[PDB]
Student: 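This is the structure, below, for whatever I ask next.
In each ligand, atom 1 is the first atom listed, and ligand 1 is the first ligand listed. No hydrogens, no waters, no symmetry mates; every other heavy atom, side chains included, goes into these values. Chain letters run A, B, ... following the sequence lines, proteins first and then strands; every chain starts at 1.
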Amino acid sequence: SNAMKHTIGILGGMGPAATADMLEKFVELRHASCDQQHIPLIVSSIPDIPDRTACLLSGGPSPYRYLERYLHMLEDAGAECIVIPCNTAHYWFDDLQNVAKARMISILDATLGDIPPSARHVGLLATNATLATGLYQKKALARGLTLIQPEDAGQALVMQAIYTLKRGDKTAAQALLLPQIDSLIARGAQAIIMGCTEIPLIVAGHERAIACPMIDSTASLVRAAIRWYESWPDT
Amino acid sequence: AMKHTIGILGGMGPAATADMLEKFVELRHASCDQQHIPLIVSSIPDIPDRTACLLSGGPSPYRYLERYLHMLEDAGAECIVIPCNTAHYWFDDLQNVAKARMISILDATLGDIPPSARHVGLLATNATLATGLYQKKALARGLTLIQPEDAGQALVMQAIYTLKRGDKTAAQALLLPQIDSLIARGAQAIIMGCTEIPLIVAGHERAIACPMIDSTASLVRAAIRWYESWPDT
Ligand SMILES: OC[C@H]1O[C@@](CO)(O[C@H]2O[C@H](CO)[C@@H](O)[C@H](O)[C@H]2O)[C@@H](O)[C@@H]1O
Ligand SMILES: [Mg+2]
């Protein structure tokens with residue numbers, strides 16, 4: 001668990017299914033000949049972190065002091081680099097980066113970096129809060145992208161899909177989400193960002209039925225963390 | 001950290017550890033994220049190969065296990081579970097050094113076998129079989145364990161390490177005929193006694209004529225029971 005081992009901490013639990021999905025992806029995306037070749041990881045999946053959207057939109061209790069606590073726990077355990085598999089939680093990214101000893105890597109930049117340069121007009125599937133606070137907007141503008149978001153009726157259904165997956169019914173979530181993906185495509189999306197970490201779990205298996213490339217924010221962050229680990233002269 | 005947090009001392013291998021987290025989500029009833037089990041996970045895979053140590057004279061995993069155990073405790077884990085069957089060779093030693101509660105995969109798994117199944121197949125690593133980890137516990141319960149013959153066990157071992165290398169399709173081609181052989185030999189149930197096995201079998205249970213007992217899922221259920229036994233949870 002050495003710091004000199006370049007251990008990656010996952011500040012997770014938002015939600016727990018997305019965190020488990022990230023772990024599976026670290027295994028998938030890392031080239032390894034055996035157990036011992038995989039990436040060293042310490043994971044916090046401690047879900048009591050208050051709901052991010054309720055905080056931002058309703059003035060519910062802030063997740064910030066939980067994130068800070070669990071970040072220091074990971075650092076104290078030896079994590080040299082920290083990744084957060086929750087898009088909405090990146091509202092607090094800069095604040096956490098101010099207090100962090102460990103390197104931090106943003107899901108937002110990793111995700112935008114994984115969009116083909118030819119897709120200028122890009123759908124965005126995310127929580128109401130990620131949209132309302134514009135987490136992707138400045139970075140997308142800088143890259144010369146136009147973000148396409150579901151209109152109000154559609155967005156409510158996307159939000160319901162996310163929370164339905166969070167409650168554990170994937171089938172019901174899919175029936176809610178898939179029609180919203182087609183609407184984005186019908187409106188001209190050249191790719192669609194899955195900008196909430198439950199979305200890839202809902203979509204999994206249907207990519208073939210979907211006419212445009214889906215950009216997986218969780219997988220993008222995993223790839224970035226892998227590059228970070230692999231950059232070291234001793235790894 | 002959180003009250004009654006469960007540490008997972010994982011990474012053996014990492015795919016099985018990920019499978020364990022998925023199962024904690026599946027098997028816990030929760031109204032929302034905030035009702036899920038608090039977990040801190042070590043998946044730090046540099047732990048030396050368990051079977052290689054035991055049958056091949058390779059370096060011992062023990063000191064790694066002890067280190068990461070303390071790490072989890074220091075992070076606030078009050079109960080520790082290990083999603084590797086072969087690593088239970090060291091369970092008693094770890095429990096001695098542990099302040100936190102520990103829950104054995106072996107007992108959790110045997111306790112989930114239907115009482116009607118007397119003659120049970122066992123899919124596990126060579127080391128788990130050779131050191132008899134399941135053996136004494138099973139006999140106490142009146143079970144008779146059936147294991148593959150030499151040739152078949154080499155293929156089970158190959159399947160496990162093939163999954164560990166990341167090819168599930170090749171692992172399945174290797175494993176499935178060994179499952180059929182156990183049933184042909186009269187297995188009333190089969191213990192998947194290696195945490196990679198459920199990953200290989202997943203998607204095939206219907207094709208399989210007898211119940212498979214998932215060691216990972218058994219351990220998860222036992223940890224959930226431990227967590228829910230707290231009056232302040
Ligand atoms: O847009 C760049 C901006 O993003 C931040 C985090 O908000 O860092 C991200 O981008 C960097 C350069 O691409 C990466 O090295 C880094 O890992 C990623 O988090 C800021 O640091 C930076 O100003
Ligand atoms: Mg390197």
Student: Is atom 12 (C) of ligand 1 close to the protein, meaning a heavy atom under 4.0 Å from it?
Tutor: no
Student: Taking atom types as modelled, is there a side-chain donor on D48(A) or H36(B) under 3.5 Å from an acceptor on the other?
Tutor: no
Student: Which protein non-hydrogen atom lies closest to atom 6 (C) of ligand 1, naming both residue and atom, and how far is it?
Tutor: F93(A) CE2, 3.6 Å
Student: Any nitrogen or oxygen of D94(A), side chain or backbone, less than 3.5 Å from one on ligand 1?
Tutor: no
Student: Counting backbone and side-chain atoms alike, is an N, O or S atom of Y229(A) positioned under 2.8 Å from the Mg ion (ligand 2)?
Tutor: no
Student: Look up atom 22 (C) of ligand 1 and tell me if a protein heavy atom lies less than 4.0 Å from it?
Tutor: no
Student: Taking the six-membered ring of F26(A) as reference, does the NZ or CZ atom of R30(A) fall below 6.0 Å from its centre and within a 45° cone about the axis?
Tutor: no
Student: Do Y161(B) and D35(A) pair up side chain to side chain, a donor and an acceptor below 3.5 Å, judged on atom types alone?
Tutor: no
Student: Which atoms of ligand 1 are found less than 4.0 Å from any heavy atom of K139(A)?
Tutor: 1 (O), 3 (C), 4 (O), 7 (O)
Student: Looking at the Mg ion (ligand 2), is one of the N, O or S atoms of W232(A) less than 2.8 Å from it?
Tutor: yes
Student: At under 4.0 Å between heavy atoms, is it the side chain or the backbone of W228(A) that contacts ligand 1, or both, or neither?
Tutor: neither
Student: Testing the 3.5 Å rule here: is there a donor-acceptor pair between the side chains of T128(B) and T125(B)?
Tutor: yes
Student: When the ring planes of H6(A) and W228(A) are compared, do they come out parallel, tilted or perpendicular, using 30° and 60° as the limits?
Tutor: perpendicular
Student: Need the atom name: nearest N/O/S atom of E230(A) to the Mg ion (ligand 2).
Tutor: O
Student: With no hydrogens and no angle check, just 3.5 Å: does a side-chain donor-acceptor pair link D167(B) and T162(B)?
Tutor: no
Student: Would you mind running through ligand 1 and noting each atom that sits below 4.0 Å from a heavy atom of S106(A)?
Tutor: 6 (C), 18 (C), 19 (O)
Student: Do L94(B) and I82(B) have side-chain heavy atoms sitting under 4.5 Å apart?
Tutor: yes
Student: How far is atom 17 (O) of ligand 1 from its nearest protein heavy atom, and which residue and atom is that?
Tutor: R103(A) NH1, 2.7 Å
Student: Determine if the distance from atom 19 (O) of ligand 1 to the closest protein heavy atom is below 4.0 Å.
Tutor: yes
Student: Are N126(B) and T51(B) linked by a side-chain donor-acceptor pair shorter than 3.5 Å?
Tutor: no
Student: Please name the pair of heavy atoms, one in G9(A) and one in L74(A), separated by the smallest distance, quoted to 0.1 Å.
Tutor: C-CD1, 4.3 Å
Student: Suppose we measure from atom 8 (O) of ligand 1 to each protein heavy atom; which comes out shortest, and what is that distance?
Tutor: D109(A) OD1, 4.3 Å
